[PDB]
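Text of the file start07.txt, holding compact mmCIF, C-alpha atoms and all ligand atoms:
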```
# COMPACT_ATOMS: atom_id res chain seq x y z
CA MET A 1 102.31 91.13 130.97
CA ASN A 2 104.72 93.93 131.74
CA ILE A 3 106.59 96.71 129.90
CA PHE A 4 109.44 94.40 128.80
CA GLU A 5 107.12 91.75 127.40
CA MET A 6 105.06 94.40 125.73
CA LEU A 7 107.92 96.06 124.00
CA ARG A 8 109.40 92.73 123.10
CA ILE A 9 106.22 91.99 121.21
CA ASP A 10 106.16 95.38 119.56
CA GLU A 11 109.79 95.60 118.50
CA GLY A 12 110.75 91.93 117.95
CA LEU A 13 114.38 90.71 118.31
CA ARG A 14 116.95 90.66 115.47
CA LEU A 15 120.57 89.76 116.20
CA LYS A 16 122.01 91.36 113.01
CA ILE A 17 121.85 95.09 112.11
CA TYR A 18 118.52 95.85 110.34
CA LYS A 19 116.53 98.88 109.15
CA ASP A 20 113.57 99.93 111.16
CA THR A 21 110.14 101.03 109.78
CA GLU A 22 111.73 104.48 109.05
CA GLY A 23 114.75 102.87 107.25
CA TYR A 24 117.26 103.56 110.05
CA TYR A 25 119.90 101.17 111.27
CA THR A 26 118.85 99.27 114.39
CA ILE A 27 119.65 96.03 116.23
CA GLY A 28 118.25 93.86 118.93
CA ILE A 29 114.93 94.89 120.53
CA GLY A 30 114.49 98.09 118.66
CA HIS A 31 117.76 99.63 119.65
CA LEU A 32 118.35 102.47 117.20
CA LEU A 33 121.91 102.84 116.27
CA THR A 34 122.03 105.91 114.06
CA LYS A 35 119.99 107.94 111.58
CA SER A 36 122.99 107.93 109.25
CA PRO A 37 122.60 106.10 105.96
CA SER A 38 125.99 104.70 106.45
CA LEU A 39 126.30 101.09 107.55
CA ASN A 40 129.80 101.78 108.72
CA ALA A 41 128.59 104.52 110.95
CA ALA A 42 126.08 101.91 112.20
CA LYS A 43 128.73 99.25 112.83
CA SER A 44 130.84 101.84 114.63
CA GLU A 45 128.05 102.89 116.99
CA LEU A 46 127.21 99.20 117.51
CA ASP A 47 130.76 98.31 118.60
CA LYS A 48 130.83 101.35 120.87
CA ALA A 49 127.55 100.32 122.45
CA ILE A 50 128.54 96.68 123.12
CA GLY A 51 132.23 97.19 123.83
CA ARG A 52 133.71 94.80 121.36
CA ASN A 53 134.17 94.47 117.54
CA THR A 54 130.86 92.84 116.74
CA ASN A 55 131.05 92.79 113.02
CA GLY A 56 127.27 93.71 113.03
CA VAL A 57 126.10 90.72 114.96
CA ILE A 58 125.37 90.46 118.73
CA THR A 59 124.22 87.78 121.04
CA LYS A 60 120.79 87.42 122.67
CA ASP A 61 122.20 88.51 126.06
CA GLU A 62 123.80 91.63 124.51
CA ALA A 63 120.47 92.46 122.86
CA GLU A 64 118.76 92.03 126.22
CA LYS A 65 121.36 94.18 127.87
CA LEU A 66 120.74 97.08 125.43
CA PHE A 67 117.04 96.60 126.00
CA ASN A 68 117.31 96.83 129.72
CA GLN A 69 119.30 100.06 129.44
CA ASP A 70 116.84 101.43 126.87
CA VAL A 71 113.80 100.81 129.08
CA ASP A 72 115.52 102.31 132.09
CA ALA A 73 116.42 105.28 130.09
CA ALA A 74 112.95 105.77 128.75
CA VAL A 75 111.51 105.79 132.29
CA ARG A 76 114.16 108.15 133.50
CA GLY A 77 113.48 110.56 130.66
CA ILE A 78 109.77 110.69 131.40
CA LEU A 79 110.56 111.42 135.10
CA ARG A 80 112.92 114.17 134.14
CA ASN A 81 110.55 115.84 131.70
CA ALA A 82 108.33 118.48 133.26
CA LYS A 83 105.62 117.99 130.64
CA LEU A 84 105.57 114.21 130.98
CA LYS A 85 106.11 113.43 134.63
CA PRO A 86 102.81 114.90 135.95
CA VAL A 87 100.88 112.85 133.45
CA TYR A 88 102.81 109.72 134.10
CA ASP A 89 102.39 110.02 137.85
CA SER A 90 98.69 110.40 137.50
CA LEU A 91 98.27 107.10 135.65
CA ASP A 92 97.72 103.55 136.78
CA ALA A 93 100.34 100.84 136.15
CA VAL A 94 99.01 99.50 132.92
CA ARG A 95 98.69 102.92 131.40
CA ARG A 96 102.17 103.95 132.51
CA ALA A 97 103.45 100.97 130.39
CA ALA A 98 101.70 102.48 127.39
CA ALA A 99 103.39 105.82 128.06
CA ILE A 100 106.74 104.08 128.28
CA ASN A 101 106.16 102.25 124.97
CA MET A 102 105.49 105.52 123.21
CA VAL A 103 108.63 107.29 124.61
CA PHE A 104 110.74 104.27 123.67
CA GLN A 105 109.52 104.42 120.10
CA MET A 106 109.42 108.13 119.52
CA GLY A 107 111.40 109.86 122.23
CA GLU A 108 110.65 112.25 125.07
CA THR A 109 110.31 115.24 122.78
CA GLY A 110 108.12 113.36 120.40
CA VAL A 111 105.67 112.33 123.11
CA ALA A 112 105.81 115.67 124.87
CA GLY A 113 104.50 117.04 121.56
CA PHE A 114 101.08 115.41 122.08
CA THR A 115 99.83 118.25 124.32
CA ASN A 116 96.17 117.71 123.83
CA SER A 117 96.24 113.91 124.36
CA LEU A 118 98.44 114.38 127.42
CA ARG A 119 95.89 116.65 129.01
CA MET A 120 93.03 114.25 128.14
CA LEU A 121 95.05 111.44 129.66
CA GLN A 122 95.75 113.53 132.79
CA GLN A 123 92.00 114.17 133.00
CA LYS A 124 91.11 110.52 132.66
CA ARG A 125 89.06 111.20 129.48
CA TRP A 126 90.04 107.83 127.86
CA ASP A 127 87.94 107.58 124.73
CA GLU A 128 88.67 111.16 124.02
CA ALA A 129 92.41 110.63 124.45
CA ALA A 130 92.16 107.58 122.21
CA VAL A 131 90.56 109.55 119.45
CA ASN A 132 93.02 112.40 119.60
CA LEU A 133 96.01 109.98 119.73
CA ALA A 134 94.97 108.43 116.45
CA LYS A 135 95.11 111.84 114.74
CA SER A 136 98.90 111.55 114.20
CA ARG A 137 101.56 110.62 111.83
CA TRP A 138 102.52 107.87 114.36
CA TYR A 139 99.17 106.13 113.96
CA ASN A 140 99.18 106.52 110.10
CA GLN A 141 102.71 105.12 109.79
CA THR A 142 102.45 102.22 112.33
CA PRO A 143 98.83 101.65 112.71
CA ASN A 144 98.87 98.12 114.19
CA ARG A 145 101.21 99.05 116.96
CA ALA A 146 99.63 102.47 117.54
CA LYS A 147 96.27 100.66 117.85
CA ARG A 148 97.61 98.30 120.53
CA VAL A 149 99.07 101.15 122.61
CA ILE A 150 95.93 103.28 122.17
CA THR A 151 93.68 100.50 123.33
CA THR A 152 95.96 100.06 126.29
CA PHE A 153 95.49 103.73 127.27
CA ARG A 154 91.80 103.45 126.49
CA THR A 155 91.12 100.45 128.62
CA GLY A 156 93.83 100.25 131.31
CA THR A 157 94.06 96.46 130.52
CA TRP A 158 96.52 94.32 128.46
CA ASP A 159 93.81 92.91 126.19
CA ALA A 160 95.41 94.15 123.02
CA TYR A 161 98.50 92.17 123.85
CA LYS A 162 96.68 89.00 124.52
CL CL B 1 102.47 98.73 113.35
XE XE B 2 103.23 110.43 129.81
XE XE B 3 102.45 110.10 127.39
XE XE B 4 100.65 110.82 125.05
```
Taking this structure as input, can you express it in the form of structure tokens?
Ligand SMILES: [Cl-]
Ligand SMILES: [Xe]
Ligand SMILES: [Xe]
Ligand SMILES: [Xe]
Amino acid sequence: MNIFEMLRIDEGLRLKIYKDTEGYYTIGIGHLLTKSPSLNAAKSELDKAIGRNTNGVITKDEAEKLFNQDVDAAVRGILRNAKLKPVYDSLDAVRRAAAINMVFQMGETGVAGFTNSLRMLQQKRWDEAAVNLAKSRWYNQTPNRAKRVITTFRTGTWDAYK
């Protein structure tokens, strides 16, 4: 197990434009295209992202390409954020994958908003972090996923993904 396999399980793979759990236009392995309700706006951003007129459909390699850029970008954003980097650097490998999953799903600002869990994580107070993490809209809206990531930070193992 690694970050790519983990997110691939959490996000799935769809080759045609689809609406995510929040109703926003997405494609591939959770690649958000736009928050606009407009499918044309979506198609436009897709074509711009892939570099060709896709007509709202992409290939598996194109989906994987977007995914590689998206993971890279998530990592880079954590490293650049002064509130996230110190926590991230203090963690072990497995738990860093959990931090990446969260940033991929909710963004750097979103995660950086969990001040209390971030400190608990930095202190290596696992069960406590796990409890605080669940006190969130994220957990109430996507409980199954939130539970897998939480258990990952709780345990430092990939058991929830097995
Ligand atoms: Cl879920
Ligand atoms: Xe983090
Ligand atoms: Xe985090
Ligand atoms: Xe977090």
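Of the residues listed (A:142, A:2, A:109, A:155), A:155 shows the shortest atom-to-atom separation from residue A:128; distances use only C-alpha atoms.
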By how many Å are atom CA of residue A:133 and atom CA of residue A:87 apart?
14.8 Å
Chain A residues near ligand CL 1 (chain B) within 8 Å, closest pair each, using all atoms listed in the file, as CSV:
```
residue,atom,partner,partner_atom,distance
A:10,CA,B:CL1,CL,8.0
A:141,CA,B:CL1,CL,7.3
A:142,CA,B:CL1,CL,3.6
A:143,CA,B:CL1,CL,4.7
A:144,CA,B:CL1,CL,3.7
A:145,CA,B:CL1,CL,3.8
A:146,CA,B:CL1,CL,6.3
A:147,CA,B:CL1,CL,7.9
```
Which residues are near ligand XE 2 (chain B) - at most 10 Å, using all atoms listed in the file? Format: as an NGL selection string.
:A and (75 or 78-79 or 81 or 83-91 or 95-103 or 108 or 111-112 or 114 or 117-119 or 121-122)
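Taking atom CA of residue A:154 and atom CA of residue A:130 as the two end points, the separation is 6.0 Å.
Between atom CA of residue A:12 and atom CA of residue A:29 the interatomic distance comes to 5.7 Å.
You can rank A:139, A:67, A:24, A:126 by their closest distance to residue A:152 using all atoms listed in the file, and at the top of that list sits A:126.
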Name the closest residue to residue A:50 among the candidates A:32, A:37, A:74, A:65; distances are taken between atoms, counting only C-alpha atoms.
A:65
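With distances restricted to only C-alpha atoms, A:43 is the closest residue to residue A:17 from A:36, A:43, A:161, A:1.
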What lies within 8 Å of residue A:160 using only C-alpha atoms, ignoring chain neighbours under 6 positions off, as a PyMOL selection string?
chain A and resi 148-149+151-152
Which residues come within 12 Å of residue A:39, counting all atoms listed in the file, excluding same-chain residues fewer than 3 positions away, as a count of residues only?
19
Where atoms are absent from stretch 64-93 of chain A, fill them in so it carries N, CA and C atoms, then output it as a PDB file, in the coordinates of the input.
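The resulting file, selection.pdb, is reproduced below:
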```
ATOM      1  N   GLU A  64     119.507  91.790 124.988  1.00  0.00           N
ATOM      2  CA  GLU A  64     118.760  92.030 126.220  1.00  0.00           C
ATOM      3  C   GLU A  64     119.368  93.096 127.090  1.00  0.00           C
ATOM      4  N   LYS A  65     120.695  93.133 127.070  1.00  0.00           N
ATOM      5  CA  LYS A  65     121.360  94.180 127.870  1.00  0.00           C
ATOM      6  C   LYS A  65     120.994  95.593 127.387  1.00  0.00           C
ATOM      7  N   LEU A  66     121.054  95.791 126.087  1.00  0.00           N
ATOM      8  CA  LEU A  66     120.740  97.080 125.430  1.00  0.00           C
ATOM      9  C   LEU A  66     119.311  97.425 125.724  1.00  0.00           C
ATOM     10  N   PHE A  67     118.497  96.388 125.712  1.00  0.00           N
ATOM     11  CA  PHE A  67     117.040  96.600 126.000  1.00  0.00           C
ATOM     12  C   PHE A  67     116.804  97.033 127.460  1.00  0.00           C
ATOM     13  N   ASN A  68     117.459  96.350 128.417  1.00  0.00           N
ATOM     14  CA  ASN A  68     117.310  96.830 129.720  1.00  0.00           C
ATOM     15  C   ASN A  68     117.749  98.301 129.860  1.00  0.00           C
ATOM     16  N   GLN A  69     118.887  98.687 129.259  1.00  0.00           N
ATOM     17  CA  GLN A  69     119.300 100.060 129.440  1.00  0.00           C
ATOM     18  C   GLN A  69     118.314 101.028 128.814  1.00  0.00           C
ATOM     19  N   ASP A  70     117.779 100.617 127.634  1.00  0.00           N
ATOM     20  CA  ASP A  70     116.840 101.430 126.870  1.00  0.00           C
ATOM     21  C   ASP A  70     115.518 101.647 127.610  1.00  0.00           C
ATOM     22  N   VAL A  71     115.013 100.600 128.296  1.00  0.00           N
ATOM     23  CA  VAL A  71     113.800 100.810 129.080  1.00  0.00           C
ATOM     24  C   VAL A  71     114.034 101.761 130.266  1.00  0.00           C
ATOM     25  N   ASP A  72     115.163 101.498 130.941  1.00  0.00           N
ATOM     26  CA  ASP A  72     115.520 102.310 132.090  1.00  0.00           C
ATOM     27  C   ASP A  72     115.591 103.754 131.663  1.00  0.00           C
ATOM     28  N   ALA A  73     116.241 103.943 130.567  1.00  0.00           N
ATOM     29  CA  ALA A  73     116.420 105.280 130.090  1.00  0.00           C
ATOM     30  C   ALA A  73     115.103 105.923 129.696  1.00  0.00           C
ATOM     31  N   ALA A  74     114.199 105.133 129.157  1.00  0.00           N
ATOM     32  CA  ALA A  74     112.950 105.770 128.750  1.00  0.00           C
ATOM     33  C   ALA A  74     112.210 106.295 130.003  1.00  0.00           C
ATOM     34  N   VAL A  75     112.209 105.472 131.039  1.00  0.00           N
ATOM     35  CA  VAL A  75     111.510 105.790 132.290  1.00  0.00           C
ATOM     36  C   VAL A  75     112.116 107.043 132.903  1.00  0.00           C
ATOM     37  N   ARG A  76     113.445 107.019 132.927  1.00  0.00           N
ATOM     38  CA  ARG A  76     114.160 108.150 133.500  1.00  0.00           C
ATOM     39  C   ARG A  76     113.867 109.440 132.729  1.00  0.00           C
ATOM     40  N   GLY A  77     113.771 109.353 131.431  1.00  0.00           N
ATOM     41  CA  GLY A  77     113.480 110.560 130.660  1.00  0.00           C
ATOM     42  C   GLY A  77     112.068 111.051 130.958  1.00  0.00           C
ATOM     43  N   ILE A  78     111.107 110.172 131.070  1.00  0.00           N
ATOM     44  CA  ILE A  78     109.770 110.690 131.400  1.00  0.00           C
ATOM     45  C   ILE A  78     109.828 111.464 132.724  1.00  0.00           C
ATOM     46  N   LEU A  79     110.463 110.813 133.760  1.00  0.00           N
ATOM     47  CA  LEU A  79     110.560 111.420 135.100  1.00  0.00           C
ATOM     48  C   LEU A  79     111.263 112.735 135.149  1.00  0.00           C
ATOM     49  N   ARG A  80     112.153 112.939 134.212  1.00  0.00           N
ATOM     50  CA  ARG A  80     112.920 114.170 134.140  1.00  0.00           C
ATOM     51  C   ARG A  80     112.179 115.255 133.357  1.00  0.00           C
ATOM     52  N   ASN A  81     111.244 114.836 132.499  1.00  0.00           N
ATOM     53  CA  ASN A  81     110.550 115.840 131.700  1.00  0.00           C
ATOM     54  C   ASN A  81     109.318 116.393 132.382  1.00  0.00           C
ATOM     55  N   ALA A  82     109.377 117.710 132.587  1.00  0.00           N
ATOM     56  CA  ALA A  82     108.330 118.480 133.260  1.00  0.00           C
ATOM     57  C   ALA A  82     106.949 118.398 132.625  1.00  0.00           C
ATOM     58  N   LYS A  83     106.882 118.107 131.322  1.00  0.00           N
ATOM     59  CA  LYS A  83     105.620 117.990 130.640  1.00  0.00           C
ATOM     60  C   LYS A  83     105.138 116.543 130.809  1.00  0.00           C
ATOM     61  N   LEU A  84     106.035 115.590 130.843  1.00  0.00           N
ATOM     62  CA  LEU A  84     105.570 114.210 130.980  1.00  0.00           C
ATOM     63  C   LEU A  84     105.322 113.689 132.376  1.00  0.00           C
ATOM     64  N   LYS A  85     106.217 114.008 133.282  1.00  0.00           N
ATOM     65  CA  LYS A  85     106.110 113.430 134.630  1.00  0.00           C
ATOM     66  C   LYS A  85     104.739 113.563 135.313  1.00  0.00           C
ATOM     67  N   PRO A  86     104.126 114.739 135.305  1.00  0.00           N
ATOM     68  CA  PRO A  86     102.810 114.900 135.950  1.00  0.00           C
ATOM     69  C   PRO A  86     101.781 113.978 135.314  1.00  0.00           C
ATOM     70  N   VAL A  87     101.852 113.788 134.028  1.00  0.00           N
ATOM     71  CA  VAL A  87     100.880 112.850 133.450  1.00  0.00           C
ATOM     72  C   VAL A  87     101.132 111.429 133.860  1.00  0.00           C
ATOM     73  N   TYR A  88     102.391 111.072 133.767  1.00  0.00           N
ATOM     74  CA  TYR A  88     102.810 109.720 134.100  1.00  0.00           C
ATOM     75  C   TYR A  88     102.440 109.348 135.541  1.00  0.00           C
ATOM     76  N   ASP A  89     102.710 110.289 136.450  1.00  0.00           N
ATOM     77  CA  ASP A  89     102.390 110.020 137.850  1.00  0.00           C
ATOM     78  C   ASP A  89     100.903 109.915 138.097  1.00  0.00           C
ATOM     79  N   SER A  90     100.126 110.520 137.228  1.00  0.00           N
ATOM     80  CA  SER A  90      98.690 110.400 137.500  1.00  0.00           C
ATOM     81  C   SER A  90      98.060 109.114 137.072  1.00  0.00           C
ATOM     82  N   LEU A  91      98.781 108.363 136.233  1.00  0.00           N
ATOM     83  CA  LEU A  91      98.270 107.100 135.650  1.00  0.00           C
ATOM     84  C   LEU A  91      98.439 105.880 136.501  1.00  0.00           C
ATOM     85  N   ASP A  92      97.605 104.877 136.197  1.00  0.00           N
ATOM     86  CA  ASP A  92      97.720 103.550 136.780  1.00  0.00           C
ATOM     87  C   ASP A  92      98.882 102.803 136.052  1.00  0.00           C
ATOM     88  N   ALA A  93      99.252 101.662 136.603  1.00  0.00           N
ATOM     89  CA  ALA A  93     100.340 100.840 136.150  1.00  0.00           C
ATOM     90  C   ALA A  93     100.293 100.416 134.705  1.00  0.00           C
TER      91      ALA A  93
END
```
